[PDB]
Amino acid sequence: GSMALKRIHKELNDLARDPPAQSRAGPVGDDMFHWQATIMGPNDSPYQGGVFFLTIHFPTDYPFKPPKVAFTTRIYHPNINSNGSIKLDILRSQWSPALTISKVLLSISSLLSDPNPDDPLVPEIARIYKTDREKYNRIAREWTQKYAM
């Protein structure tokens, strides 16, 4: 057993012992390095009441490199493209070994609450978030209803 496996197992124990409120994450079959996560759309955001599915791939040198995390559910957001790739600093240069998958899920939750128009993945959605928020909120809630509900 590698430190990556022991650490992924420890994290799974901790999540069953003290569950999060608006996040479920678990292995897919017997592949401990392949998780699926659900997060709720945050209350007081255009995503509220939507369920969003995420794929989590753990590296074999976890926790010294970040998990690869992508949305499967489609979503209107400046930092998440059609392929479901997430622009998020802690999934890139700001990863640290002390971070856990639950800290990642909460960080992604907050990115739904507070998008990052500067340093975007979808310039068209970034443009709209900056200039006409009500439009972004209209379209985001439109996509949540079609895809996340």
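Just count from 1 along the sequence shown to find any residue number.
Engineer: Between 64-72 and 119-127, which has the higher average C-alpha B-factor in the PDB entry?
Structural biologist: The recorded data point to 119-127.
Engineer: Between 91-99 and 22-30, point out the one with the higher average CA B-factor as the PDB entry records it.
Structural biologist: Of 22-30 and 91-99, the stretch with the higher C-alpha B-factor average is 22-30.
Engineer: Among the modelled residues of its chain, does the C-alpha B-factor of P59 lie in the lowest, middle or highest third?
Structural biologist: Lowest third of the chain for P59's C-alpha B-factor.
Engineer: Comparing against every modelled residue in the chain, figure out the third that the C-alpha B-factor of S85 lands in (lowest, middle or highest).
Structural biologist: Middle third of the chain for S85's C-alpha B-factor.
Engineer: Using the B-factor values recorded in the entry, state whether the Cα atom of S110 falls in the lowest, middle or highest third among the modelled residues of its chain.
Structural biologist: Tercile = middle for this residue's CA B-factor.
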